[PDB]
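Shown next: input.json, containing JSON, C-alpha atoms.
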[["chain", "number", "residue", "atom", "x", "y", "z"],
["W", 1, "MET", "CA", -13.59, -1.00, -2.36],
["W", 2, "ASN", "CA", -12.99, -0.37, -6.08],
["W", 3, "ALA", "CA", -13.87, 3.34, -5.95],
["W", 4, "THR", "CA", -11.97, 3.61, -2.67],
["W", 5, "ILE", "CA", -8.87, 2.06, -4.25],
["W", 6, "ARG", "CA", -8.63, 4.69, -6.99],
["W", 7, "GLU", "CA", -9.72, 7.37, -4.49],
["W", 8, "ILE", "CA", -6.82, 6.87, -2.07],
["W", 9, "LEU", "CA", -4.37, 8.02, -4.79],
["W", 10, "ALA", "CA", -5.79, 11.49, -4.13],
["W", 11, "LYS", "CA", -4.84, 11.60, -0.43],
["W", 12, "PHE", "CA", -1.96, 9.07, -0.10],
["W", 13, "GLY", "CA", -0.91, 8.33, -3.66],
["W", 14, "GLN", "CA", 1.90, 10.47, -5.07],
["W", 15, "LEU", "CA", 0.03, 10.92, -8.36],
["W", 16, "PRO", "CA", 1.16, 14.05, -10.32],
["W", 17, "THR", "CA", -2.34, 14.28, -11.75],
["W", 18, "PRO", "CA", -5.84, 14.65, -10.16],
["W", 19, "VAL", "CA", -7.59, 11.29, -9.70],
["W", 20, "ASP", "CA", -10.69, 13.00, -11.15],
["W", 21, "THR", "CA", -9.35, 12.35, -14.66],
["W", 22, "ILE", "CA", -8.80, 8.60, -14.13],
["W", 23, "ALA", "CA", -11.20, 5.72, -13.50],
["W", 24, "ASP", "CA", -11.46, 1.93, -13.18],
["W", 25, "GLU", "CA", -11.86, 1.69, -16.96],
["W", 26, "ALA", "CA", -8.79, 3.91, -17.43],
["W", 27, "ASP", "CA", -5.06, 3.15, -17.24],
["W", 28, "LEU", "CA", -3.84, 4.92, -14.10],
["W", 29, "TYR", "CA", -0.21, 4.88, -15.30],
["W", 30, "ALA", "CA", -1.31, 7.39, -17.96],
["W", 31, "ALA", "CA", -1.90, 9.82, -15.08],
["W", 32, "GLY", "CA", 1.66, 9.20, -13.94],
["W", 33, "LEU", "CA", 1.15, 6.33, -11.51],
["W", 34, "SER", "CA", 4.62, 5.60, -10.14],
["W", 35, "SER", "CA", 5.78, 2.77, -7.89],
["W", 36, "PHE", "CA", 6.02, 5.51, -5.26],
["W", 37, "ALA", "CA", 2.35, 6.38, -5.72],
["W", 38, "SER", "CA", 1.29, 2.73, -5.71],
["W", 39, "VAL", "CA", 3.21, 1.83, -2.52],
["W", 40, "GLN", "CA", 1.62, 4.77, -0.67],
["W", 41, "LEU", "CA", -1.67, 3.45, -2.02],
["W", 42, "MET", "CA", -0.96, 0.13, -0.27],
["W", 43, "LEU", "CA", -0.18, 1.61, 3.14],
["W", 44, "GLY", "CA", -3.35, 3.68, 3.28],
["W", 45, "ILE", "CA", -5.69, 1.23, 1.54],
["W", 46, "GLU", "CA", -4.83, -1.44, 4.12],
["W", 47, "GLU", "CA", -6.15, 0.64, 7.02],
["W", 48, "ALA", "CA", -8.85, 2.07, 4.74],
["W", 49, "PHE", "CA", -10.91, -1.16, 4.53],
["W", 50, "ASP", "CA", -8.79, -4.18, 5.64],
["W", 51, "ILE", "CA", -5.64, -5.25, 3.72],
["W", 52, "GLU", "CA", -3.27, -4.01, 0.99],
["W", 53, "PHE", "CA", -2.45, -5.48, -2.43],
["W", 54, "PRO", "CA", -0.30, -8.67, -2.23],
["W", 55, "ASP", "CA", 2.68, -9.35, -4.54],
["W", 56, "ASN", "CA", 0.65, -11.98, -6.42],
["W", 57, "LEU", "CA", -1.33, -9.18, -8.10],
["W", 58, "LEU", "CA", 1.13, -6.34, -7.47],
["W", 59, "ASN", "CA", 3.57, -7.19, -10.27],
["W", 60, "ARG", "CA", 0.72, -7.76, -12.72],
["W", 61, "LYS", "CA", -1.54, -6.10, -15.34],
["W", 62, "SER", "CA", -4.10, -5.71, -12.52],
["W", 63, "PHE", "CA", -3.37, -1.99, -11.92],
["W", 64, "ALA", "CA", -4.25, -1.32, -15.58],
["W", 65, "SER", "CA", -7.88, -1.93, -14.60],
["W", 66, "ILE", "CA", -9.21, -1.18, -11.10],
["W", 67, "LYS", "CA", -12.42, -3.21, -11.59],
["W", 68, "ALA", "CA", -10.20, -6.21, -12.38],
["W", 69, "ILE", "CA", -7.81, -5.85, -9.44],
["W", 70, "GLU", "CA", -10.66, -5.07, -7.02],
["W", 71, "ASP", "CA", -12.17, -8.48, -7.72],
["W", 72, "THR", "CA", -8.79, -10.06, -6.99],
["W", 73, "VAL", "CA", -8.55, -8.26, -3.64],
["W", 74, "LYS", "CA", -12.16, -9.31, -2.94],
["W", 75, "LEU", "CA", -11.26, -13.01, -3.23],
["W", 76, "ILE", "CA", -8.66, -12.35, -0.52],
["W", 77, "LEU", "CA", -11.50, -11.42, 1.86],
["W", 78, "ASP", "CA", -13.19, -14.70, 0.89],
["W", 79, "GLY", "CA", -10.44, -16.68, 2.62],
["W", 80, "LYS", "CA", -7.81, -14.41, 4.20],
["W", 81, "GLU", "CA", -6.97, -16.86, 6.99],
["W", 82, "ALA", "CA", -6.96, -19.64, 4.37],
["W", 83, "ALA", "CA", -4.15, -17.99, 2.40]]
If you took the structure in this file and wrote it as structure tokens, what would it be?
Amino acid sequence: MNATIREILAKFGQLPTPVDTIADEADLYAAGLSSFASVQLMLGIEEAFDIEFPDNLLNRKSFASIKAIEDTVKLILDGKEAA
């Protein structure tokens, strides 16, 4: 999921910079990650594996580190129907 999450920015995300330069240990907003790019990320990432990023982690430092946010989306899978 984690690699997939940063990957989608290439095909759906309106990022004004190639995803090649960014990583999970890098701050995506440095590449020009806009709220436009992130919302497109949601729409595609949902169908991509299962669900999209909920508000609880959306308005949060999570996007500053993919490996961090990916764990938070993983816990969703742990109990989706229990949320």
Could you check how far CA of residue 41 (chain W) sits from CA of residue 9 (chain W), in Å to one decimal?
->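 Result for CA of residue 41 (chain W) versus CA of residue 9 (chain W): 6.0 Å, one decimal.
Among the candidates W:64, W:1, W:58, W:39, the residue lying nearest to residue 15 (chain W) is W:39 (atoms considered: only C-alpha atoms).
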Could you check which of W:82, W:66, W:33, W:77 is closest to residue 6 (chain W), using all atoms listed in the file?
->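 The shortest atom-to-atom distance to residue 6 (chain W) comes from W:66.
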Between CA of residue 80 (chain W) and CA of residue 22 (chain W) - distance in Å to one decimal =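 Between CA of residue 22 (chain W) and CA of residue 80 (chain W) the gap works out to 29.4 Å.
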CA of residue 34 (chain W) to CA of residue 4 (chain W), straight-line distance in Å =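 Between CA of residue 4 (chain W) and CA of residue 34 (chain W) the gap works out to 18.3 Å.
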Output region 3-22 of chain W with N, CA, C and O atoms present, as a short mmCIF file (atom, residue, chain, number, x, y, z; two decimals), in the frame of the given file.
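The result, stored in out-v7.cif:
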data_model
loop_
_atom_site.label_atom_id
_atom_site.label_comp_id
_atom_site.auth_asym_id
_atom_site.auth_seq_id
_atom_site.Cartn_x
_atom_site.Cartn_y
_atom_site.Cartn_z
N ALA W 3 -13.91 1.89 -5.87
CA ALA W 3 -13.87 3.34 -5.95
C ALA W 3 -12.89 3.90 -4.92
O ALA W 3 -12.17 4.86 -5.17
N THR W 4 -12.86 3.25 -3.76
CA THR W 4 -11.97 3.61 -2.67
C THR W 4 -10.50 3.46 -3.08
O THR W 4 -9.66 4.29 -2.76
N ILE W 5 -10.22 2.38 -3.82
CA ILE W 5 -8.87 2.06 -4.25
C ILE W 5 -8.29 3.15 -5.14
O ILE W 5 -7.16 3.57 -4.96
N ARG W 6 -9.08 3.62 -6.11
CA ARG W 6 -8.63 4.69 -6.99
C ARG W 6 -8.65 6.03 -6.25
O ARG W 6 -7.86 6.93 -6.54
N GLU W 7 -9.54 6.13 -5.26
CA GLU W 7 -9.72 7.37 -4.49
C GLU W 7 -8.50 7.68 -3.63
O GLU W 7 -8.08 8.84 -3.55
N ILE W 8 -7.92 6.66 -3.00
CA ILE W 8 -6.82 6.87 -2.07
C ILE W 8 -5.65 7.61 -2.74
O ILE W 8 -4.94 8.37 -2.08
N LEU W 9 -5.46 7.37 -4.04
CA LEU W 9 -4.37 8.02 -4.79
C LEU W 9 -4.42 9.54 -4.62
O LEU W 9 -3.40 10.21 -4.73
N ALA W 10 -5.60 10.06 -4.33
CA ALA W 10 -5.79 11.49 -4.13
C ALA W 10 -5.13 11.97 -2.83
O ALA W 10 -4.49 13.02 -2.80
N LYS W 11 -5.26 11.17 -1.77
CA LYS W 11 -4.84 11.60 -0.43
C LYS W 11 -3.49 10.98 -0.01
O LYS W 11 -2.71 11.61 0.71
N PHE W 12 -3.22 9.76 -0.44
CA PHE W 12 -1.96 9.07 -0.10
C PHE W 12 -1.06 8.89 -1.32
O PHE W 12 0.16 8.99 -1.21
N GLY W 13 -1.67 8.63 -2.47
CA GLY W 13 -0.91 8.33 -3.66
C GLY W 13 -0.19 9.54 -4.22
O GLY W 13 -0.80 10.59 -4.43
N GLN W 14 1.11 9.40 -4.45
CA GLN W 14 1.90 10.47 -5.07
C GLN W 14 1.64 10.49 -6.58
O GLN W 14 2.52 10.18 -7.39
N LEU W 15 0.41 10.81 -6.96
CA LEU W 15 0.03 10.92 -8.36
C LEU W 15 0.14 12.38 -8.79
O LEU W 15 -0.47 13.26 -8.18
N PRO W 16 0.93 12.67 -9.85
CA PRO W 16 1.16 14.05 -10.32
C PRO W 16 0.00 14.58 -11.16
O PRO W 16 0.15 15.54 -11.92
N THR W 17 -1.16 13.95 -11.00
CA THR W 17 -2.34 14.28 -11.75
C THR W 17 -3.59 13.97 -10.91
O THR W 17 -3.61 12.96 -10.19
N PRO W 18 -4.62 14.83 -10.96
CA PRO W 18 -5.84 14.65 -10.16
C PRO W 18 -6.57 13.36 -10.53
O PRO W 18 -6.82 13.08 -11.71
N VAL W 19 -6.93 12.58 -9.51
CA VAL W 19 -7.59 11.29 -9.70
C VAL W 19 -8.93 11.45 -10.43
O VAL W 19 -9.46 10.49 -10.99
N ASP W 20 -9.45 12.67 -10.45
CA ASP W 20 -10.69 13.00 -11.15
C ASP W 20 -10.66 12.56 -12.61
O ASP W 20 -11.67 12.15 -13.17
N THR W 21 -9.48 12.62 -13.23
CA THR W 21 -9.35 12.35 -14.66
C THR W 21 -9.29 10.84 -14.95
O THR W 21 -9.56 10.41 -16.07
N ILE W 22 -8.95 10.04 -13.94
CA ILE W 22 -8.80 8.60 -14.13
C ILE W 22 -9.97 7.83 -13.52
O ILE W 22 -10.73 8.37 -12.71
#
